Amino acid sequence: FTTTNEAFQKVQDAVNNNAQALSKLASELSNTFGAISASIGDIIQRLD
Amino acid sequence: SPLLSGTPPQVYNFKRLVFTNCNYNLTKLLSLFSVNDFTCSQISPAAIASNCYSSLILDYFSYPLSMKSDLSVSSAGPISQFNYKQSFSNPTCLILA
Amino acid sequence: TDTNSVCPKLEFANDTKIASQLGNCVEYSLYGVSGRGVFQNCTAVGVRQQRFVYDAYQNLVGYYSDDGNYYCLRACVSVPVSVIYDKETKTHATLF
Amino acid sequence: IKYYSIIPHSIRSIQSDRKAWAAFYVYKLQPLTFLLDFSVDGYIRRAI
Amino acid sequence: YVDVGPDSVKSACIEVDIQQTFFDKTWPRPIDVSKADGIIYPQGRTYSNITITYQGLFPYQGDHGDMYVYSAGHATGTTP
């Protein structure tokens with residue numbers, strides 16, 4: 001088991017793909033879709 | 001203190017007070033005067049009392065209650081047209097006291 | 001866009017302070033930063049002069065209080081809920 | 001502010017005793033995207 | 001209007017001599033991004049143990065810049 005071994009890299013790649021799917025959801029909540037603030041509560045207090 | 005001292009200028013000659021980094025208590029200023037009319041655009045009048053902004057601009061002038069309708073962005077009256085204009089893009093709260 | 005220098009004057013009697021509220025989900029309004037989070041004590045991290053400490057994702061993770069103790073900040077965590085149901089017996093169970 | 005100038009300073013030292021003065025370098029600031037590395041102390045040790 | 005105190009009593013003022021060639025000495029000091037020369041810290045917030053891309057006013061990498069030197073005035077033993 002080493003970086004050189006192709007099979008070991010494939011096992012790591014499968015773990016990375018699962019991690020990437022989870023990471024996307026967490027990142028999108030931080031992202032703001034055309035709004036003053038990502039937080040729903042922060043927009044409510046500052047807007048009518 | 002400048003707002004509470006001396007004679008306020010006319011609407012065309014309105015003085016400008018700009019606050020960038022200070023804690024503000026709008027209610028305390030409102031309590032000293034009596035507010036006959038409170039109107040706000042692009043934000044709630046209640047919301048303006050407790051929210052944070054990069055900068056706050058306050059303009060103080062003597063304006064009579066009788067011509068309040070003339071001083072509006074929607075109004076085409078001369079006082080809004082020539083004497084004073086408030087930028088539409090940034091949220092603006094107008095208070096008559 | 002990112003900085004709000006002017007903020008409403010607010011007064012803390014004593015109990016409404018970060019100290020003695022550690023480990024409790026609480027609404028925080030420190031120097032114009034408003035959020036709901038759990039406060040903890042962690043070793044001082046980041047520049048002390050800048051009280052707000054942010055992660056790479058721009059989420060507040062640490063704060064420097066007037067008392068001078070650095071405080072770890074985390075969002076309050078929800079309890080996941082799932083239901084086990086059998087149609088034939090009309091019986092239900094809850095896995096938290 | 002559209003313009004700036006450097007005001008020359010001369011030290012009226014005795015001819016026998018004089019001190020060399022370090023030169024100061026002025027660099028213009030341009031909007032740029034910089035990769036910044038932050039240490040545990042939080043100071044930016046290196047940038048790209 | 002703030003007051004800086006009294007203006008100089010003497011209308012006459014000291015003579016100066018302009019010699020750019022004397023100040024024309026080359027000592028190049030290019031900005032190095034590796035040592036983070038001339039980097040303004042984000043005034044909005046502090047970041048710890050993270051690497052991020054930040055947009056801000058920054059000097060060009062490898063910029064020699066403009067060099068200005070200050071020198072002692074001409075003197076004759078007791079009087080400059």
Side-chain angles (χ1 to χ4, degrees), chain A residues 1-35 37-42, chain C residues 1-2 23 25 35-47 50 52-63 70-88 91-96, chain D residues 31-48, chain E residues 32-37 39 41-42 44-56 58 60-62:
Chain A
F1 310 126
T2 176
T3 61
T4 92
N5 183 21
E6 300 88 10
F8 179 71
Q9 286 306 298
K10 293 178 180 60
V11 188
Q12 189 64 53
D13 292 348
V15 164
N16 297 343
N17 296 346
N18 298 354
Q20 287 296 137
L22 299 190
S23 180
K24 173 200 303 297
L25 296 178
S27 177
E28 288 292 331
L29 283 185
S30 304
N31 181 34
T32 318
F33 314 101
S37 176
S39 171
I40 302 199
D42 198 15
Chain C
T1 312
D2 220 10
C25 172
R36 200 183 301 180
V38 182
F39 275 102
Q40 194 167 131
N41 196 4
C42 284
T43 167
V45 113
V47 177
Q50 311 262 11
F52 308 118
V53 186
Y54 280 86
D55 59 10
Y57 324 99
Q58 280 69 234
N59 306 326
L60 195 64
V61 283
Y63 173 72
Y70 173 81
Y71 290 119
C72 250
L73 189 42
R74 293 161 206 81
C76 315
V77 281
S78 304
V79 170
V81 185
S82 49
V83 47
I84 317 141
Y85 162 73
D86 181 40
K87 183 180 179 177
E88 317 300 320
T91 309
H92 39 77
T94 309
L95 177 65
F96 282 104
Chain D
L32 276 164
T33 308
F34 266 41
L35 183 62
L36 298 180
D37 188 22
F38 294 88
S39 42
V40 186
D41 45 90
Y43 295 131
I44 314 179
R45 303 311 179 182
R46 52 177 190 177
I48 270 185
Chain E
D32 189 22
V33 85
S34 178
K35 41 184 56 62
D37 284 350
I39 297 308
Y41 200 83
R45 44 208 57 183
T46 190
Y47 293 89
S48 172
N49 215 14
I50 42 205
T51 306
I52 74 166
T53 46
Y54 174 76
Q55 306 190 178
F58 289 120
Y60 278 151
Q61 158 72 351

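Numbered from 1 within each chain, the chains take letters A, B, ... in sequence-line order. Below, all heavy atoms of this structure are taken into account, side chains as well, without hydrogens, waters or symmetry copies.
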Do [X] side-chain atoms and [Y] backbone N/O form a donor-acceptor pair below 3.5 Å?
X        : Y        : result
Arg45(E) : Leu60(C) : no
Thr91(C) : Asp86(C) : no
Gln40(C) : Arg74(C) : no
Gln61(E) : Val33(E) : yes
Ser48(E) : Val40(D) : yes

Take a 6.0 Å sphere around [atom1] of [X] and say whether it holds more than 12 heavy atoms from other residues, nucleotides or ligands.
X        : atom1 : result
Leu25(A) : CG    : yes
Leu32(D) : CG    : yes
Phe1(A)  : CZ    : no

**Prompt:** Got a sec, which residues hit salt bridge (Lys or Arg N to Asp or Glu O under 4.0 Å) with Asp32(E), two or more places apart in sequence or on another chain?
**Reply:** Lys35(E)
Hey, could you give me the [atom1]/[atom2] distance between [X] and [Y], rounded to the nearest 0.5 Å?
X        : Y        : atom1 : atom2 : result
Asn5(A)  : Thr3(A)  : CG    : OG1   : 9.0 Å
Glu6(A)  : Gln9(A)  : CD    : CD    : 9.0 Å
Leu35(D) : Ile52(E) : CG    : CD1   : 9.0 Å
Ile48(D) : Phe34(D) : CD1   : CZ    : 10.5 Å
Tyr54(E) : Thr33(D) : OH    : OG1   : 11.0 Å

Heavy-atom closest pair, residues [X] and [Y]:
X        : Y        : result
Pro42(E) : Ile44(D) : CD-CD1, 4.3 Å
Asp55(C) : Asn59(C) : OD1-N, 2.7 Å
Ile50(E) : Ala56(C) : CD1-N, 3.6 Å
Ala38(A) : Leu29(A) : CB-O, 4.0 Å

Just so I know, are the side chains of [X] and [Y] near enough to count as touching, which here means a heavy-atom distance under 4.5 Å?
X        : Y        : value
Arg36(C) : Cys25(C) : yes
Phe96(C) : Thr94(C) : yes
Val45(C) : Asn49(E) : no

**Request:** Output every pair passing salt bridge (charged side-chain N to carboxylate O under 4.0 Å, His left out) with a member in residues 13-34 of chain A, not counting sequence neighbours, ordered by first then second residue.
**Result:**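 Qualifying pairs: none.
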**Asked** Between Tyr63(C) and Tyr70(C), is the gap from one ring center to the other below 6.0 Å?
**Response**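 No: the rings miss the under 6.0 Å criterion.
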**Request:** For this output row, return yes or no: ring centroids of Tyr47(E) and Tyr41(E) closer than 6.0 angstrom.
**Result:**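 Ring centroids of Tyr47(E) and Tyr41(E) are no less than 6.0 Å from each other.
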**Request:** Kindly state each residue pair satisfying side chain to side chain donor-acceptor pair (under 3.5 Å) with at least one member in residues 36-45 of chain D, sequence neighbours excluded.
**Result:**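 Qualifying pairs, neighbours excluded: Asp37(D)-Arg46(D), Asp37(D)-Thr51(E), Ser39(D)-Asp41(D), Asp41(D)-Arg45(D).
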